[PDB]
Structure formats: structure tokens, C-alpha cells
């Protein structure tokens, strides 16, 4: 019923980390959550969720080789995952109608649908943004990252996707306050999450257990469930 796309400007902000743990934190709060991994890249949801290879993807479901139920897997903490298999652009050109109904079937199966959009502003990304009602923008406290994020914000507004708020990932807790105001001023939007730089989210990735479960008290984890609370 609630569809949110997580997107960013450049390619290395750490958004997939936020999407995965956000979903796990959301599921831990009792919400029926589903993440559709639209980022056909290495170091994605499968790695961070510590999940084993996923056989059936949407590409299979769109080709009529399988039922959507077969492309929905259960991950850590109860979060569900749906692999796109092929870029959204591809699925969309293959059959626009089918793609929409399948997305509908998915929305039916949950309360919250998170779309891990591909890195930047490619066709597949804008499609992901337009497909959601809300956009969760992820940026780093670096200028380049913040301006690239502004373009993403703009695209969402051009399309009619409402900005849920912006998440600043990997900030040093020292200046935060001034930084937050500064960032909110640059891309005129509200930051609803400040995830401090944390070695633990890197080790979480390397070993396959989301920080939210691996290290519940690390500052990154607490910041993320904090964000899931705001969102839910």
C-alpha cells in the first residue's frame, strides 16, 4: 500500500545498505515489508542480506516462466525480497502492461514496498522513482553527492513522486547540526536520517548479516531503526 523508492545521485553513497537495513528494521517493528532489488549491480541486496543465489526473478515472471509468488523470497528479520533480474528499463520495454500488474501483485502482498533503485539517473532509475509514491533520497555529506542528489530530487518532482525526505549517510556526528541545516538548504528538503560513519556496516556487508541484527547498538544501526520509526 505504501511504495517507496530509495535513490541517490552518484554511485557509491551506500544506499543499498540503507534500503536493506531499513527493510529489516521495518520488519522488526512488525511491518510486512518487501524490497524489490532493481539495482542489477554487484554488492547489492543479496550480499548485504546474506542471501543465497536467487533462481527466479521478475524477468522469469514477465516472460511467463513463473508465478510472482516464486520470485518473492524471505530474508533476514522477516524482510521479503524480489529480484528484478534485468534492468527496469528492459522489463518495461519488454511489456509495460505486464510490468505494471506484477508491481501491483507485489503491492498487494505487503504493507510497505521498498524499491532499491539503480545508482544514478539512468532510465531504469527514473522509472523506479516514477513507480513509487514516495522518494527517499540518500546522499553523503560531500558536495558532489549533494548536488547529484538535487538532480534526483528534481526528477522526482518533475514526475510527481513525493519526497519523503533525505537521508545523509556516513556523516561524522561532530558537526551534524550545522551540516543538516546546510544540506536541507541546498536541496530544500527535510533530512529525516543521519547515519554516522560506522566500520560495523562494512563488516556487516562482508559477512552477510545486516548491521541492524549484527550490531543493534552501533551508531549506524540505531540511526537506521530511528529512521524506520520516523517512516512508520
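Numbering follows the first chain given and starts at 1.
- Of the two segments examined, 25-33 and 183-191, it is 183-191 that shows the higher average Cα temperature factor in the deposited entry.
- Averaged over CA atoms, B-factors in the entry run higher in 61-69 than in the other of 61-69 and 198-206.
- Of the candidates 48, 163, 167, 176, it is 176 whose Cα B-factor is highest according to the PDB record.
- Per the PDB record, 144 has a higher Cα B-factor than any other of 124, 152, 133, 144.
- Residue 108 sits in the highest third of its chain by CA B factor, as recorded in the PDB entry.
- Ranked by C-alpha B-factor against the other modelled residues of its chain, residue 11 falls in the highest third.
- For residue 1, the recorded CA B-factor ranks within the highest third of the chain. Only modelled residues enter the ranking.
- Among all modelled residues in its chain, residue 117 ranks in the middle third by Cα B-factor.
- Ranked by C-alpha B-factor against the other modelled residues of its chain, residue 99 falls in the lowest third.
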